Amino acid sequence: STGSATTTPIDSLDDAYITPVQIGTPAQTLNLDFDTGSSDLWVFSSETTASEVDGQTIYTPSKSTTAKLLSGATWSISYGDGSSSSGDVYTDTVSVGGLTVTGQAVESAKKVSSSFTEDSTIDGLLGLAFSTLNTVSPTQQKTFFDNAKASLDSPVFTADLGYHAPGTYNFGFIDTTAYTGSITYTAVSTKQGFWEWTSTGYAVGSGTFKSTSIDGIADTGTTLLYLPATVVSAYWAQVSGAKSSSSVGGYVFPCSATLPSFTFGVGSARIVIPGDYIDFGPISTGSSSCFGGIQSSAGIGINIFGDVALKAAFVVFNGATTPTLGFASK
């Protein structure tokens, strides 16, 4: 089987991407944040604390004839950005772009932290990391991709995120018309539960390529590109007036700038992030200081190839017995 769904930026900055998901019978459609950096599918719901819902669409399990309470199961999750959610668990039918999984764990939020309440465009997350990270207890549950992969024509999904435009998540096949040249595949470690790989280096604008190994994760659920402080300093040093601000929480740069590109290595191949992709606009409305899309990972513990990097490529998440990642230019 295969599936194919359009994913759409939630705002003018591409801060996140939402993809419609059909849950239950009759279908209830929610717009979920597909996250290769986590492994829970959780939704705002009829059970969510009423003061913590502000415009999102809710899953009402009592209206689905195929929903079943997963007795005893609870979940609770905190993300790298400090945000968090928790609740109980139903199994139900879930479809994405025509691909249907029966018996999928749908984690119903009883509570969500303020950042989720404040984002009316995201009705939940659909996790696409490895199931070993799933938080459901006492019986850990599988991700949608895990549940579907035996039925898929090929055990893969692909992420083709747009720059200021919609893009596509495909399940079970590789659209050979979606990218240019060839796909370069690279090894994955699943030991931390993530799509972790090692980039072979980087270049800043027209500069010469620095060969150096950079371990990090392919995370569609993180907006920006987080890299070692040495790499990030070399990038922003090429932008007049750029500076790391502790008050703002990252590198900022004069909105009048033209940013250079940033190249990252995938084996012998190279993915170029255009400079415009690295501009996240004024730090506050009307400010002439703009927030940068490449930031230091020094405070995280892990480097993150988030949307800023992934939207420059066609990305293959290969879930064969030995997972790999593939990157093509597009």
# chains A, B, ... in the order shown; residues from 1 in each chain; ligands from 1
>>> select_by_dssp(residues="range 28-156 of chain A", states="helix (DSSP H, G or I)", output="PyMOL selection string")
chain A and resi 50-52+61-63+114-118+131-133+144-148
>>> residues_around(residues="range 180-195 of chain A", least_positions_apart="4", cutoff="8 Å", atoms="only C-alpha atoms", output="list in words")
residues 36, 37, 38, 129, 130, 131, 132, 133, 217, 218, 219, 266, 267, 269, 317, 323, 324, 325, 326, 327, 328, 329 and 330 of chain A
>>> write_last_selection(atoms="N, CA, C and O atoms", output="mmCIF file, in the first residue's frame")
data_model
loop_
_atom_site.group_PDB
_atom_site.id
_atom_site.type_symbol
_atom_site.label_atom_id
_atom_site.label_comp_id
_atom_site.auth_asym_id
_atom_site.auth_seq_id
_atom_site.Cartn_x
_atom_site.Cartn_y
_atom_site.Cartn_z
ATOM 1 N N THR A 36 9.709 13.577 13.024
ATOM 2 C CA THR A 36 10.637 12.453 13.006
ATOM 3 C C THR A 36 11.543 12.437 14.246
ATOM 4 O O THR A 36 12.417 11.577 14.373
ATOM 5 N N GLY A 37 11.308 13.346 15.188
ATOM 6 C CA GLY A 37 12.092 13.430 16.395
ATOM 7 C C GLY A 37 11.362 12.949 17.621
ATOM 8 O O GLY A 37 11.896 13.076 18.731
ATOM 9 N N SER A 38 10.171 12.366 17.474
ATOM 10 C CA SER A 38 9.472 11.799 18.611
ATOM 11 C C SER A 38 8.613 10.686 18.062
ATOM 12 O O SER A 38 8.564 10.458 16.844
ATOM 13 N N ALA A 129 9.865 9.046 14.748
ATOM 14 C CA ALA A 129 11.090 8.428 15.231
ATOM 15 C C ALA A 129 10.800 6.939 15.502
ATOM 16 O O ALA A 129 9.754 6.397 15.116
ATOM 17 N N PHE A 130 11.742 6.267 16.169
ATOM 18 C CA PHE A 130 11.646 4.845 16.441
ATOM 19 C C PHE A 130 10.783 4.606 17.662
ATOM 20 O O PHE A 130 10.732 5.434 18.567
ATOM 21 N N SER A 131 10.051 3.477 17.647
ATOM 22 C CA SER A 131 9.011 3.255 18.642
ATOM 23 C C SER A 131 9.596 3.108 20.038
ATOM 24 O O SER A 131 8.890 3.303 21.034
ATOM 25 N N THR A 132 10.890 2.838 20.126
ATOM 26 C CA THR A 132 11.543 2.745 21.420
ATOM 27 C C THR A 132 11.412 4.021 22.228
ATOM 28 O O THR A 132 11.564 3.955 23.453
ATOM 29 N N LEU A 133 11.135 5.181 21.584
ATOM 30 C CA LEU A 133 10.914 6.430 22.318
ATOM 31 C C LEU A 133 9.477 6.665 22.733
ATOM 32 O O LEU A 133 9.200 7.675 23.385
ATOM 33 N N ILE A 217 20.546 14.545 14.254
ATOM 34 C CA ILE A 217 19.302 13.839 13.947
ATOM 35 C C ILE A 217 18.534 14.591 12.881
ATOM 36 O O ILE A 217 18.564 15.825 12.835
ATOM 37 N N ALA A 218 17.897 13.832 11.997
ATOM 38 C CA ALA A 218 16.915 14.347 11.053
ATOM 39 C C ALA A 218 15.602 14.501 11.793
ATOM 40 O O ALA A 218 14.912 13.511 12.062
ATOM 41 N N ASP A 219 15.239 15.751 12.113
ATOM 42 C CA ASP A 219 14.073 16.059 12.952
ATOM 43 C C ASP A 219 13.146 17.037 12.226
ATOM 44 O O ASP A 219 13.391 18.245 12.251
ATOM 45 N N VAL A 266 26.477 15.021 2.762
ATOM 46 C CA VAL A 266 25.856 13.725 2.935
ATOM 47 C C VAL A 266 26.773 12.804 2.148
ATOM 48 O O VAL A 266 26.800 12.847 0.912
ATOM 49 N N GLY A 267 27.603 12.043 2.862
ATOM 50 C CA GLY A 267 28.635 11.308 2.161
ATOM 51 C C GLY A 267 29.402 12.237 1.251
ATOM 52 O O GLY A 267 29.863 13.303 1.666
ATOM 53 N N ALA A 269 28.116 13.772 -1.315
ATOM 54 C CA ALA A 269 27.170 14.694 -1.912
ATOM 55 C C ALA A 269 27.017 15.934 -1.024
ATOM 56 O O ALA A 269 27.503 15.994 0.107
ATOM 57 N N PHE A 317 13.468 8.445 4.659
ATOM 58 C CA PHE A 317 13.578 7.735 5.930
ATOM 59 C C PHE A 317 13.354 6.253 5.621
ATOM 60 O O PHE A 317 12.215 5.784 5.531
ATOM 61 N N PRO A 323 18.011 0.501 9.189
ATOM 62 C CA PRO A 323 17.583 1.811 8.684
ATOM 63 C C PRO A 323 18.735 2.604 8.097
ATOM 64 O O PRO A 323 19.883 2.496 8.534
ATOM 65 N N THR A 324 18.398 3.425 7.104
ATOM 66 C CA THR A 324 19.309 4.402 6.541
ATOM 67 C C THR A 324 18.512 5.657 6.229
ATOM 68 O O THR A 324 17.268 5.662 6.236
ATOM 69 N N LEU A 325 19.243 6.746 6.002
ATOM 70 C CA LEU A 325 18.672 8.002 5.529
ATOM 71 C C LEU A 325 19.223 8.312 4.150
ATOM 72 O O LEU A 325 20.388 8.036 3.858
ATOM 73 N N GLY A 326 18.368 8.856 3.301
ATOM 74 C CA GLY A 326 18.757 9.308 1.981
ATOM 75 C C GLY A 326 18.407 10.774 1.797
ATOM 76 O O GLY A 326 17.354 11.225 2.251
ATOM 77 N N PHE A 327 19.311 11.498 1.145
ATOM 78 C CA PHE A 327 19.164 12.913 0.834
ATOM 79 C C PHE A 327 19.400 13.127 -0.646
ATOM 80 O O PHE A 327 20.433 12.708 -1.176
ATOM 81 N N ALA A 328 18.479 13.839 -1.296
ATOM 82 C CA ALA A 328 18.672 14.331 -2.646
ATOM 83 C C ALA A 328 18.437 15.830 -2.683
ATOM 84 O O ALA A 328 17.648 16.370 -1.902
ATOM 85 N N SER A 329 19.103 16.501 -3.624
ATOM 86 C CA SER A 329 18.725 17.862 -3.955
ATOM 87 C C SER A 329 17.432 17.840 -4.752
ATOM 88 O O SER A 329 17.048 16.819 -5.335
ATOM 89 N N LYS A 330 16.733 18.978 -4.762
ATOM 90 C CA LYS A 330 15.450 19.043 -5.463
ATOM 91 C C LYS A 330 15.215 20.436 -6.051
ATOM 92 O O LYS A 330 16.059 21.286 -5.913
#
>>> select_by_dssp(residues="range 133-223 of chain A", states="strand (DSSP E or B)", output="VMD selection string")
chain A and resid 137 156 to 160 167 to 171 184 to 187 189 196 to 204 210 to 218
>>> closest_residue(among="A:34, A:75, A:90, A:291", to="residue 137 in chain A", atoms="only C-alpha atoms")
A:75
>>> closest_atom_pairs(of="range 195-227 of chain A", to="range 292-302 of chain A", cutoff="8 Å", atoms="only C-alpha atoms", output="tab-separated table")
residue	atom	partner	partner_atom	distance
A:215	CA	A:302	CA	7.7
A:216	CA	A:302	CA	6.1
A:217	CA	A:302	CA	7.7
A:224	CA	A:293	CA	5.1
A:225	CA	A:294	CA	4.8
A:226	CA	A:297	CA	4.8
A:227	CA	A:297	CA	5.0
>>> closest_residue(among="A:303, A:135, A:263, A:198", to="residue 79 in chain A", atoms="only C-alpha atoms")
A:135
>>> closest_residue(among="A:114, A:25, A:78, A:268", to="residue 91 in chain A", atoms="only C-alpha atoms")
A:25
>>> residues_around(residues="range 10-15 of chain A", least_positions_apart="2", cutoff="7 Å", atoms="only C-alpha atoms", output="list in words")
residues 8, 17, 18, 121, 164, 223 and 280 of chain A
>>> closest_residue(among="A:76, A:199, A:170, A:211", to="residue 5 in chain A", atoms="only C-alpha atoms")
A:170
>>> residues_around(residues="residue 62 in chain A", least_positions_apart="2", cutoff="12 Å", atoms="only C-alpha atoms", output="PyMOL selection string")
chain A and resi 24-26+28+45-47+58-60+64-69+90+92+108
>>> residues_around(residues="residue 153 in chain A", least_positions_apart="6", cutoff="12 Å", atoms="only C-alpha atoms", output="VMD selection string")
chain A and resid 1 to 3 99 170 to 174 320
>>> residues_around(residues="residue 41 in chain A", least_positions_apart="6", cutoff="7 Å", atoms="only C-alpha atoms", output="list in words")
residues 106, 107, 125, 126 and 127 of chain A
>>> closest_atom_pairs(of="range 123-209 of chain A", to="range 236-249 of chain A", cutoff="12 Å", atoms="only C-alpha atoms", output="CSV")
residue,atom,partner,partner_atom,distance
A:203,CA,A:238,CA,11.6
A:204,CA,A:238,CA,8.0
A:205,CA,A:238,CA,8.5
A:206,CA,A:238,CA,10.8
A:207,CA,A:238,CA,10.1
>>> write_last_selection(atoms="N, CA, C and O atoms", output="PDB file, in the first residue's frame")
ATOM      1  N   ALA A 203      30.047  23.945   4.296  1.00  0.00           N
ATOM      2  CA  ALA A 203      30.608  25.128   3.655  1.00  0.00           C
ATOM      3  C   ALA A 203      29.699  26.319   3.944  1.00  0.00           C
ATOM      4  O   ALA A 203      28.487  26.175   4.101  1.00  0.00           O
ATOM      5  N   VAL A 204      30.296  27.503   4.004  1.00  0.00           N
ATOM      6  CA  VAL A 204      29.578  28.755   4.245  1.00  0.00           C
ATOM      7  C   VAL A 204      29.651  29.556   2.951  1.00  0.00           C
ATOM      8  O   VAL A 204      30.746  29.812   2.432  1.00  0.00           O
ATOM      9  N   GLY A 205      28.491  29.911   2.416  1.00  0.00           N
ATOM     10  CA  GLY A 205      28.423  30.562   1.123  1.00  0.00           C
ATOM     11  C   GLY A 205      29.277  29.861   0.085  1.00  0.00           C
ATOM     12  O   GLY A 205      29.229  28.628  -0.087  1.00  0.00           O
ATOM     13  N   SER A 206      30.108  30.645  -0.603  1.00  0.00           N
ATOM     14  CA  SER A 206      31.010  30.153  -1.640  1.00  0.00           C
ATOM     15  C   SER A 206      32.312  29.607  -1.069  1.00  0.00           C
ATOM     16  O   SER A 206      33.213  29.251  -1.841  1.00  0.00           O
ATOM     17  N   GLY A 207      32.434  29.544   0.245  1.00  0.00           N
ATOM     18  CA  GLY A 207      33.644  29.080   0.879  1.00  0.00           C
ATOM     19  C   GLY A 207      33.927  27.615   0.577  1.00  0.00           C
ATOM     20  O   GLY A 207      33.089  26.856   0.070  1.00  0.00           O
TER      21      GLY A 207
END
